[PDB]
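Reviewing the structure listed below.
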There are 2 protein chains.
Amino acid sequence: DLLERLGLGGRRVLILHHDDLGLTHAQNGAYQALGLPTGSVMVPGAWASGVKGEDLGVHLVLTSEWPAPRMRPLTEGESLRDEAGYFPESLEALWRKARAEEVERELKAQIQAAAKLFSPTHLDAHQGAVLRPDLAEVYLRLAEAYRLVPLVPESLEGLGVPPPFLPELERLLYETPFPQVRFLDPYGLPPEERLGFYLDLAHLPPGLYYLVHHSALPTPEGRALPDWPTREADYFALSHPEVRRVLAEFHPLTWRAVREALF
Amino acid sequence: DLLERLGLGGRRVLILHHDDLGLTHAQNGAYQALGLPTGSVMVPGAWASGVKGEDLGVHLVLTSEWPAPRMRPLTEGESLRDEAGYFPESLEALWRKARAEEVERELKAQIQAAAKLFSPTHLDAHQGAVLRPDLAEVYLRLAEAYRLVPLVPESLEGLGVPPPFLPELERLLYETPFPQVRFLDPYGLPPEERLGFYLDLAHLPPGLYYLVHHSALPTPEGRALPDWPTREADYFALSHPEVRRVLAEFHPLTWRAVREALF
Ligand SMILES: [Mg+2]
Ligand SMILES: [Mg+2]
């Protein structure tokens with residue numbers, strides 16, 4: 001239906017989405033190098049203010065998992081920090097303690113700060129931290145309020161949602177006027193199979209797909225991150241002429257385009 | 001006096017101090033590489049939590065000069081930010097708006113957070129942002145209140161202090177019980193001369209010298225900073241066997257030692 005109103009009905013369309021921009025110099029590096037429009041920036045990242053592009057969104061953050069670099073909240077609510085004053089290292093920690101009003105403040109802050117740095121087009125969430133029903137409600141409400149399109153998957157099977165969340169999630173997912181995407185995450189999959197993952201996209205039937213990558217340049221700074229092998233594999237696969245050819249087979253779509261059509 | 005009560009009267013004594021640790025993975029790297037005890041850590045830095053060593057202080061920040069990486073206030077006082085929510089880019093921007101109560105909350109916050117990551121022995125200020133009289137007062141009160149020795153220089157010549165501040169700064173510089181160091185900074189002097197500057201320390205009389213360096217390791221992330229040539233120059237100087245030998249002729253003194261002697 002969305003594809004319909006974009007006159008793209010029946011086509012295979014692809015939103016290729018670069019995550020975790022602003023987190024390291026290497027990530028921004030890859031974003032610059034790769035030449036593709038779409039990503040979202042982590043406003044608390046040190047390099048958040050080093051990124052520029054045509055299809056940029058705000059990657060909302062409420063957790064900081066790595067030993068380093070770590071990020072700190074913008075606002076001063078206690079429920080959001082753990083306890084060097086960084087965001088919690090795990091979702092479990094977050095979901096157990098964060099109060100909704102404190103979260104909402106923090107996200108409002110993140111969005112407004114972003115809007116001082118590029119023109120945000122969309123909104124999504126690192127580690128799907130907005131998965132607590134509670135917050136998911138905040139997330140969608142915010143997206144509407146700021147006229148930014150949120151990332152909504154068609155189904156939440158395979159996202160490891162905690163089961164007690166399902167009933168209410170399913171609930172407002174079903175109730176949302178927002179377009180849903182067919183979600184794809186090659187994160188979790190072994191680095192050496194990444195190439196083949198991207199090459200196999202050639203086999204997908206028509207439909208609107210959302211594929212996320214975490215490309216980072218191979219760098220000493222980058223290798224301080226535990227998941228670097230998977231971040232580099234994204235980067236090399238995307239630069240591989242075969243993959244570039246496969247990707248060309250999709251009509252490429254930006255959130256900017258989608259936003260024009262909803263707001 | 002202080003040299004006297006350390007039983008060091010008459011000696012050539014050096015505090016060698018590594019600045020901006022926590023700023024980049026290249027700085028932290030240089031600290032490790034150099035194996036020397038003393039530096040201080042920019043707590044709002046992304047790599048703040050990646051450093052450990054025996055003589056670490058908190059490098060307080062109230063300004064973020066580069067276009068990236070940039071740093072944000074821990075607390076949410078309005079007078080500390082600019083208008084993207086970063087620390088302002090110049091002393092001038094800062095001094096014309098910062099409130100003292102807010103600065104106090106902020107530096108307090110930065111101190112608390114540093115305690116969580118290591119055992120702080122001292123206190124200094126990035127770009128000497130505490131030079132506004134007002135805030136210099138704040139700064140020494142806090143050094144008191146947390147039993148950390150503050151950076152206090154002997155002369156304030158060539159630190160570009162706005163002239164109308166000299167009177168008040170001279171007053172409290174005069175009244176403070178805290179020991180004053182003989183400030184040396186090769187920051188300013190051309191990268192290719194640097195090796196010279198370090199060797200010419202051979203020619204220094206007895207006294208208490210504070211030498212600040214910004215050593216950083218050759219790195220794509222490091223070189224994202226405009227002043228990298230001089231950062232890397234410090235590193236190559238201090239890792240040169242000649243310069244280590246000349247530094248040997250000094251009695252190395254940690255801020256830690258100073259702290260026991262005074263608290
Ligand atoms: Mg993420
Ligand atoms: Mg500094």
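By order of appearance in the structure tokens: chains A, B, ..., then residues from 1 within every chain, and ligands from 1 in the order shown.
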
Chain A contacts on chain B, only C-alpha atoms, 6 Å, as JSON, numbers by chain: {"B": [25, 46, 47, 68, 69, 70, 84, 113, 116, 221]}

Could the residues in this selection be saved with N, CA and C atoms as a short mmCIF file (atom, residue, chain, number, x, y, z; two decimals), in the first residue's frame?
data_model
loop_
_atom_site.label_atom_id
_atom_site.label_comp_id
_atom_site.auth_asym_id
_atom_site.auth_seq_id
_atom_site.Cartn_x
_atom_site.Cartn_y
_atom_site.Cartn_z
N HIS B 25 40.95 7.03 21.15
CA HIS B 25 41.60 5.77 21.29
C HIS B 25 43.08 5.96 20.98
N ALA B 46 34.64 9.69 25.05
CA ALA B 46 34.18 8.36 24.75
C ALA B 46 35.12 7.27 25.30
N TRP B 47 36.39 7.58 25.56
CA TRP B 47 37.31 6.52 25.95
C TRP B 47 37.73 6.66 27.38
N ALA B 68 34.42 17.60 15.40
CA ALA B 68 34.24 16.29 16.04
C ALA B 68 35.62 15.73 16.32
N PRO B 69 35.79 14.93 17.39
CA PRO B 69 34.77 14.49 18.33
C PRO B 69 34.28 15.67 19.18
N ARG B 70 33.02 15.73 19.57
CA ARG B 70 32.65 16.75 20.50
C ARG B 70 32.15 16.09 21.81
N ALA B 84 23.37 23.08 20.04
CA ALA B 84 23.28 21.68 19.68
C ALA B 84 23.48 20.78 20.90
N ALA B 113 31.88 10.83 38.60
CA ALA B 113 32.06 9.87 37.53
C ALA B 113 33.52 9.41 37.39
N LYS B 116 34.41 6.63 39.93
CA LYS B 116 33.95 5.31 39.54
C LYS B 116 34.89 4.60 38.62
N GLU B 221 41.84 7.44 13.47
CA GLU B 221 41.05 8.19 14.42
C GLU B 221 41.85 9.38 15.04
#

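The residues sitting within 8 Å of ligand 2, with only C-alpha atoms and all ligand atoms considered, come out as residues 19, 20, 42, 59, 61, 125, 126 and 127 of chain B.
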
Could you check how far atom CA of residue 37 of chain B sits from atom CA of residue 254 of chain B, in Å to one decimal? 7.4 Å

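Using only C-alpha atoms for every distance, the candidate list B:34, B:62, B:56, B:80 yields B:56 as the residue closest to residue 121 of chain B.
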
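Relative to atom CA of residue 36 of chain A, atom CA of residue 195 of chain A is found at 17.7 Å.
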